[PDB]
Structures are given as structure tokens and as C-alpha cells.
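Worksheet: one structure, shown below.
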Amino acid sequence: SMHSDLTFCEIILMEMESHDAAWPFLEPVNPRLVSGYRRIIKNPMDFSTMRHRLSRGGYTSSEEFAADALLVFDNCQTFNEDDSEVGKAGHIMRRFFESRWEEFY
Ligand SMILES: CC(=O)c1c(C)[nH]c(-c2csc(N3CCNCC3)n2)c1CCC(F)(F)F
Ligand SMILES: CC(=O)c1c(C)[nH]c(-c2csc(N3CCNCC3)n2)c1CCC(F)(F)F
């Protein structure tokens, strides 16, 4: 399971999930709601997947955790227009994540 040295990542993820702009990213992009997503996005990522991976020990290092966070935001900018509701949310969340990360790095 998660090593205690990564508790700071667990907290960052909790804070991200609580953010007002996090709603698009809480769970995997849902084919019931969105068509053609995995046709374009070859490595989907979302905060629930990250939360489970972190807790089970699937991130050995904070860098691996951060790479999945950035993948959420990179996928969002690949698929969504910048002025769409989800596109705007991705930009908010990237800034929020980078600000929390920069306290440590
Ligand atoms: C906040 C916002 O601006 C939204 C936009 C542009 N679209 C949707 C949307 C599309 S489908 C959908 N849901 C509603 C709940 N049950 C299943 C289908 N909601 C939202 C709702 C945000 C949510 F609360 F769900 F996180
Ligand atoms: C294509 C994409 O990247 C998306 C991500 C990462 N999230 C959502 C989304 C929309 S509604 C939604 N949830 C929020 C939680 N309650 C249930 C409904 N999630 C989309 C689809 C955006 C749409 F095409 F619908 F405008």
C-alpha cells in the first residue's frame, strides 16, 4: 500500500477532488455521456483512478503521481476546446495542481 512518504500527494489529490473545477475529472470519462473519447485519448486518467492507484501502492514516487495528474489535464486539452466548460475546468485544475506542487518542488 501507499508509503507514508507520499501522504502529501494523497492530500493534494483530496484537495483537487474537492475543488469547484474538479467535477469533469472525478471519474473516468464516461461513454454513456461522451462519444469518441478513447478513439482519440489513448491514456485516459481521472482522479478516482489516481486515488486508488496511490492508496494501493501503484505510485512508487511522487513523480509518477504528478505525471498522472498532468495526464488528466493534457487529455482535457487534447479533447476539449479551450472555451468549453470542461476545457476551462482543466486549465483551472492544472494551475491549482501546479501551485500545490510548487510548495514542495
Ligand atoms: C456544471 C456544468 O457546467 C455541467 C455541464 C456543462 N454539463 C454537465 C453535465 C453533462 S451530463 C451531466 N450529468 C448530470 C448528473 N448525472 C448524469 C448526467 N452533467 C454539468 C453537470 C456537472 C455535474 F454536476 F454533473 F458534475
Ligand atoms: C470529453 C471530456 O473530456 C469530459 C470529461 C473529462 N468529463 C466530462 C463530463 C461531462 S459531464 C460529466 N459528469 C460529471 C460528474 N457527474 C456526472 C457527469 N463529465 C466530459 C464530457 C464533456 C462533454 F462532452 F459532455 F461536454
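Note that the numbering runs from 1 along the sequence shown for the chain. Excluded from the calculations below are hydrogen atoms, water molecules and symmetry mates; all remaining heavy atoms, backbone and side chain alike, are included. Just follow the structure's listing: the first ligand is 1, and inside any ligand the first atom is 1.
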### Task
Report yes or no: does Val34 have a heavy atom closer than 4.0 Å to ligand 2?
yes
### Task
Measure across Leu70 and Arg94 and return the closest heavy-atom pair with its distance rounded to 0.1 Å.
CD2-NH1, 4.0 Å
### Query
In terms of atom number and element, which parts of ligand 2 are under 4.0 angstrom from non-hydrogen atoms of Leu33?
18 (C)
### Message
Show the atoms of ligand 2 that are less than 4.0 angstrom away from any heavy atom in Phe79.
### Response
1 (C)
### Summary
Quick note on ligand 2: atoms under 4.0 Å from a heavy atom of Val29 include exactly 5 (C), 6 (C)
### Query
Is there a side chain to side chain contact (heavy atoms under 4.5 Å, CB included) between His19 and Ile92 once you walk through the steps?
CA-CA 9 Å; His19 196 285; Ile92 296 167; 3.5 Å; yes
### side-chain contact (heavy atoms from CB on, under 4.5 Å), paired with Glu10, selected from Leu6, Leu13, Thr7, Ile12
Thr7
### Query
Hey, which atoms in ligand 2 end up nearer than 4.0 Å to a heavy atom of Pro24?
5 (C), 6 (C), 7 (N)
### Summary
Residues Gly87 and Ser84: closest non-hydrogen pair is N-OG, 2.9 Å
### Query
Counting only non-hydrogen atoms of the protein, does one fall under 4.0 Å from atom 5 (C) of ligand 1?
yes
### Query
Under a 4.0 Å heavy-atom limit, does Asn80 contact ligand 2 with its side chain, its backbone, both, or neither?
side chain
### Task
Fit a plane to each ring of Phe73 and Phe47, take the angle between them on a 0 to 90° scale, and name the class: parallel (under 30°), tilted (30 to 60°) or perpendicular (over 60°).
perpendicular
### Query
Any protein heavy atom lying closer than 4.0 Å to atom 23 (C) of ligand 2?
no
### Message
side chain to side chain donor-acceptor pair (under 3.5 Å), that's the test. Do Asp68 and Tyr59 meet it? Break it down for me.
### Response
CA-CA 10 Å; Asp68 271 354; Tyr59 298 124; 2.6 Å; yes
#### Entry: For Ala66 against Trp101, the heavy-atom pair lying closest together
CB-CZ2, 3.6 Å
#### Entry: For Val86, the ligand 2 atoms whose distance to one of its heavy atoms is below 4.0 Å
22 (C)
### Query
Less than 4.0 Å between atom 26 (F) of ligand 2 and some protein heavy atom, yes or no?
no
#### Entry: Verify atom 2 (C) of ligand 1: protein non-hydrogen atom under 4.0 angstrom away
yes
### Query
Going by heavy atoms in the side chains, are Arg56 and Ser1 under 4.5 Å from each other?
no
### Message
Is a donor from one side chain sitting under 3.5 angstrom from an acceptor on the other, for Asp46 and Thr49?
### Response
yes
### Query
Side chain, backbone, both or neither: which part of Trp23 has a heavy atom under 4.0 Å from ligand 2?
both
### Task
Determine, counting only non-hydrogen atoms of the protein, whether one lies under 4.0 angstrom from atom 16 (N) of ligand 2.
no
